[PDB]
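One structure is given below, encoded as structure tokens.
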Amino acid sequence: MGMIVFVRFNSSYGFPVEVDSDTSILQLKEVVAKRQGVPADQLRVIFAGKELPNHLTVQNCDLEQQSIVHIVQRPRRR
């Protein structure tokens with residue numbers, strides 16, 4: 001109980017985040033906004049070829065135990 005999803009932000013590897021079925025994408029983004037000092041509205045979550053919107057929750061999308069997501073910043077100088 002209590003799932004782990006790994007979060008990769010500007011790194012080659014993702015850190016473990018305890019989440020559950022009710023955790024939303026916006027909330028997950030907020031863990032990174034607080035770690036990087038960047039606003040959550042300038043962050044996006046990409047998972048298994050899908051950029052996931054703020055309101056979706058874990059039980060409402062394909063995230064499962066130990067999924068790894070890639071959080072990127074927008075806008076960001078390329």
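Letters A, B, ... go to the chains of the structure tokens in the order shown; residues in each chain start at 1; ligands are counted from 1 in the same order.
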8 Å contact set for residue 75 of chain A, only C-alpha atoms, chain neighbours under 2 positions out, as a PyMOL selection string: chain A and resi 42+73+77
With C-alpha atoms retained, write the just-selected residues as a PDB file, in the first residue's frame.
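For reference, result.pdb as written:
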```
ATOM      1  CA  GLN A  42       5.763  25.735 -16.031  1.00  0.00           C
ATOM      2  CA  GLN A  73       9.842  22.504 -18.015  1.00  0.00           C
ATOM      3  CA  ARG A  77      15.434  27.387 -23.802  1.00  0.00           C
TER       4      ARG A  77
END
```
Within 9 Å of residue 41 of chain A using only C-alpha atoms, minus same-chain residues under 4 positions, as a list in words: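 Near neighbours after the sequence-gap exclusion: residues 26, 29, 33, 73 and 74 of chain A.
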Distance of atom CA of residue 23 of chain A from atom CA of residue 58 of chain A, expressed in Å to one decimal place: 5.9 Å
Proximity to residue 19 of chain A - best of A:56, A:46, A:78, A:66, only C-alpha atoms: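 Of all the options, A:66 lies closest to residue 19 of chain A.
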In chain A, DSSP strand (DSSP E or B) residues written as a ChimeraX atom specification: /A:3-8,15-19,24,43-47,50-52,57,68-73
Contacts of residue 59 of chain A at 12 Å (only C-alpha atoms; same-chain gap of 6+ positions) as a VMD selection string: chain A and resid 3 19 to 25 65
All helix (DSSP H, G or I) residues (DSSP, backbone) inside chain A, as a list in words: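 After running DSSP on the backbone, chain A has helix (DSSP H, G or I) at residues 25, 26, 27, 28, 29, 30, 31, 32, 33, 34, 35, 36, 40, 41, 42, 58, 59 and 60 of chain A.
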Å distance separating atom CA of residue 63 of chain A from atom CA of residue 43 of chain A, one decimal place: 17.9 Å
Selected residue of minimal separation from residue 69 of chain A among A:52, A:28, A:16, A:45, counting only C-alpha atoms: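 Looking at the shortest contact to residue 69 of chain A, the residue is A:45.
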Å distance separating atom CA of residue 8 of chain A from atom CA of residue 76 of chain A, one decimal place: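 If I compute the distance from atom CA of residue 8 of chain A to atom CA of residue 76 of chain A, I get 16.2 Å.
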Selected residue of minimal separation from residue 71 of chain A among A:15, A:9, A:47, A:31, counting only C-alpha atoms: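 Smallest separation from residue 71 of chain A among the options: A:9.
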